[PDB]
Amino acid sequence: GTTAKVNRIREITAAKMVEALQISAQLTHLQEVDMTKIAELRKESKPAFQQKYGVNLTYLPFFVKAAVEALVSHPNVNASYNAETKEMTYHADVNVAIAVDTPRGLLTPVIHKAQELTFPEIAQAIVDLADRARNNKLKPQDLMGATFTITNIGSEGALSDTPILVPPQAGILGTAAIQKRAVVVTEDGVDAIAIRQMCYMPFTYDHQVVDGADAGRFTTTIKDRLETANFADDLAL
């Protein structure tokens, strides 16, 4: 067998995650989202979004925008717990970290003050932070101050996963692989089976900050936001 020392990114990520689990009470709430309406909006909007904003329109900014709005309407999730002083801090800014798969390991660059950004500014920030993280061109400020994380677990086809949150953060939302499924729809009391583009949306939360019912209300706001798919003015094409 052969041995090699890991780089500092993998060494620090591993140590931070081993420690994270020992100082928090993590659970993974499982929710699902019907992404069919967003998939149709995305298909027709991709050429116009590429021409006006210079980036490829993916599902991730839809999830990030819905999460940012939900972190503002559920400020109890955009919060941190201090086990020594037994105090909760509800953060004014929404600093969303984006998990980026890089050749050197996982990096989670932060979109600071994401509550002040438009949908296109979020899409451009994801592309910019990911390109710089993959080229290992991030400033130290780019990895500090996260209040929440969104991880694209579906990039390598995972149906779901149990993402690890890292205190002081209280939640991490996963955007699992969007797959066609046989699901029940109802219209005027008529239950029927449709083929819909669904994805699991696991949400790992720390019971020190968020209880199970709070996690449920939080993902219900995001689920309803994405399923309604009222993003035409957000796309601003």
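Numbers for residues come from their place in the sequence shown, where the first is 1.
Per the PDB record, of the two stretches 207-215 and 46-54, 46-54 carries the greater mean B-factor over its C-alpha atoms. Looking at mean Cα B-factors across 147-155 and 129-137, the upper value is held by 129-137. In the PDB entry, a CA B factor belonging to the lowest third of its chain's modelled residues is recorded for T28. Residue-level temperature factors show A83 in the highest third of its chain, judged at the C-alpha atom. Sort the modelled residues of the chain by CA B factor and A70 lands in the middle third. When the modelled residues of the chain are ordered by their C-alpha B factor, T118 lands in the highest third. Placement of the Cα temperature factor of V183 within the chain: middle third of the modelled residues, per the deposited record.
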